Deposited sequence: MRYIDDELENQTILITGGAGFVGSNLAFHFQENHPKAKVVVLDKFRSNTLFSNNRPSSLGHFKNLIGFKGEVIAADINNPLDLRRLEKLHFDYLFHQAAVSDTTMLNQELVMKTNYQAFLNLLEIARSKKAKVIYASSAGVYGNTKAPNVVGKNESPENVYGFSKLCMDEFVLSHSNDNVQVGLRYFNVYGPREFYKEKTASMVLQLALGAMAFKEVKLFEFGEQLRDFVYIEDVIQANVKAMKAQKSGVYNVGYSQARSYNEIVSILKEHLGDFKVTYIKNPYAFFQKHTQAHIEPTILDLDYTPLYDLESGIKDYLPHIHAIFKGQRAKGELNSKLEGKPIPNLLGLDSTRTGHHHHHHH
């Protein structure tokens, strides 16, 4: 479903982290909705921890690929040969093994700045993925510009990306997107770091039993992969730089998932064991015409068929 009535006729779209969850979904959206645009996906491609990209997420991709590591000078230098009109920077490190603090900064921030430089020279608009992690454990709703107190390097690295584009808001049109607990197709290969809806839904379908921490009633703003996609494409029409929250702007408990899940998968065991996010989405709507569809229900509904692929 087109999110902008632009043909993107002779445009070249570069998606880094294209073998990953959002990157691959995004690449497919353009493939199906703007068949005239050139979609080129770039990715390191699963190093095994570290990069959890996977060719399985690109199974029906008819565009082109670039096997590259954004930290590799040679690869970046070669990337300058490519003429692209847009850059959707989705490539980053898996929080799973985010051990070393210096390395998370290298690939999540340092590498980013370099892509910014290349995009600016090519006067290609930039749309990048930030994170709701920039807020750390602060009071919800989470508003951009307020209480961004990361609790881990990964969250901090993302904050640095934003603090940078904000400081350089006129170097080029650069739009940061802070995602909040995204779920949907193609997140399976993120392994243990795949969404809880994917986690729960799978435990239910498998062991017919599902584990969940202390009452699992903690609230997270779950945004469906489709709305995240809408955000990226809407963002490419931005005539000014900025960083926006991108969630459904409605928090839901892990229990409500289990619930909406039972309402589909029937009943299952709810074994326990012994933070609050909600996207303030106003400016996003205001600036990007963003308008999320898919609440946890519409989301879990649309996603569930794929989850059945067992």
- Query: Where are the holes in the model when you compare it to the deposited sequence?
  - Reply: 49-55, 282-288, 325-362
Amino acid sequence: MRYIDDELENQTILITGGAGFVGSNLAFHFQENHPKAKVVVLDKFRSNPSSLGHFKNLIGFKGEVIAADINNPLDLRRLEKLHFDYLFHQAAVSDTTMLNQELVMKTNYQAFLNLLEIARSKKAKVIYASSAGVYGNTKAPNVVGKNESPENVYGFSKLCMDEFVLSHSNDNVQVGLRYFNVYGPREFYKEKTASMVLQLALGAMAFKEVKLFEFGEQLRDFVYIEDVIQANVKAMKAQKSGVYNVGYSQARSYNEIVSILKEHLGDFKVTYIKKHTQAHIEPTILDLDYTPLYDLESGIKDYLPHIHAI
From here on, numbers count along this sequence of modelled residues.
- Task: Give the stretch, out of 235-243 and 111-119, with the larger mean C-alpha temperature factor in the deposited entry.
- Result: 235-243
- Stretch with the greater mean C-alpha B-factor as recorded in the entry, comparing 66-74 against 277-285: 277-285
- Query: What's the residue among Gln230, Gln90, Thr96, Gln174 with the greatest CA temperature factor in the PDB record?
  - Reply: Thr96
- Message: Between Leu202, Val182, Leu79, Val153, which one tops the list for Cα B-factor in this entry?
- Response: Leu202
- Considering only modelled residues of the same chain, in which third does the CA B-factor of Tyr128 rank: lowest, middle or highest? lowest
- Chain-relative CA temperature factor third for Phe215: highest
- Record-listed C-alpha B factor of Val258: chain third: highest
- CA B-factor ranking of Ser195, expressed as a third of its chain: highest
- Message: Test of reading the entry: by CA B factor among the chain's modelled residues, which third contains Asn33?
- Response: middle
